[PDB]
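Single chain ahead, by itself, as structure tokens, in the form deposited without the partner chain.
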């Protein structure tokens, strides 16, 4: 067919009585666990722990949303008790994981990998908002949330804050959750999410992916610069200097104008008025070479 009920225990054991050295992070309603299906497949299984059912809404997710820059749920578990979600294990983890927390002597993303994460993700995002009916609001775009396959392809993942609209185009009226540096001002101001807040989010991800930085650092604050990753970059303008903002670990390894364009973009996307942010798809065009230079003033 193509969608998998599991017999839990049969998965306890695929995660070795779960916890411990199985944790790929203390997840959002519990925890992401590493995992070898019965065959020897790798799955990141999500666990539930003690409102709710924003479950079912990502079970019924695939049956409305398949694109290959969107993580795809293998299967699930019901039981009278707890609830879990199997996604394909992503060999190379989040873009974040690749940027802060890179193990041994593990190598960091070079430009074009960065280039490719930018487009593919803009890509699945553009699908969600456009070629789905009801529209789909992701509500959680951040590097942490962009996964990477074996050939370092961006997969927008974690559908656990994800809301179907319909409700024409404007907004889904829903309680402001996520972390700080990823929330659109009006979202914050106003309770409502929306394709235009996914943008914002998305554009801040670019800045991550561009920078190394977290969207909101206290470390920065300890140096009289801005805790606000946006605001930092915009010390871009005056202090005319690329070099410092751009992720240290790329040195001779990008070219000046490649990076300008991509910044121009996150900037077009994080603008204050929703109205002027590119639609995710105009975002894709622009990544694909299509008409940025006027889209601004």
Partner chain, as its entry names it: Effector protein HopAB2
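Positions refer to the first chain, counted from 1. In this text, rigid core is short for the largest set of C-alphas that superpose within 1.5 Å between two forms.
Beyond the structure shown, there is the form deposited with the partner chain bound, which is absent from this document and is the topic of what follows.
Annotated contact segment (heavy atom within 4.5 Å of the partner chain in the deposited bound form): 182-190, selected among 92-100, 127-135, 107-115, 182-190. Proximity of 42, 260 and 264 to the partner chain in the deposited bound form is absent: no residue of the three has a non-hydrogen atom within 4.5 angstroms.
When the partner chain is considered in the deposited bound form, only one residue from 245, 32, 229, 70 comes within 4.5 Å through any heavy atom, namely 229. In the deposited bound form, residue 251 stays away from the partner chain, with no heavy atom inside 4.5 Å. Although the partner is absent here, residue 173 is a contact residue: one of its heavy atoms lies within 4.5 angstroms of the partner chain in the deposited bound form.
Taking non-hydrogen atoms only, residue 88 never approaches the partner chain to within 4.5 angstroms in the deposited bound form.
When contacts are judged by a 4.5 Å heavy atom cut-off, residue 54 counts as touching the partner chain in the deposited bound form. After superposition on the rigid core, the C-alpha displacement between the shown form and the other one reaches 2 Å or more for just one residue among 228, 236, 65, 268, namely 228.
A displacement of 2 angstroms or greater separates the C-alpha positions of residue 78 between the shown form and the other one, with the rigid core held in common. Positional change of residue 219 between the shown form and the other one reaches 2 Å or more at the C-alpha, relative to the superposed core. Core-superposed comparison between the shown form and the other one: the Cα of residue 16 travels 2 Å or more. Compared with the form shown, the residue 227-residue 114 C-alpha separation increases in the deposited bound form, the change being 3 Å or greater. In the deposited bound form, the Cα atoms of residue 226 and residue 204 sit 3 Å or more farther from each other than they do here.
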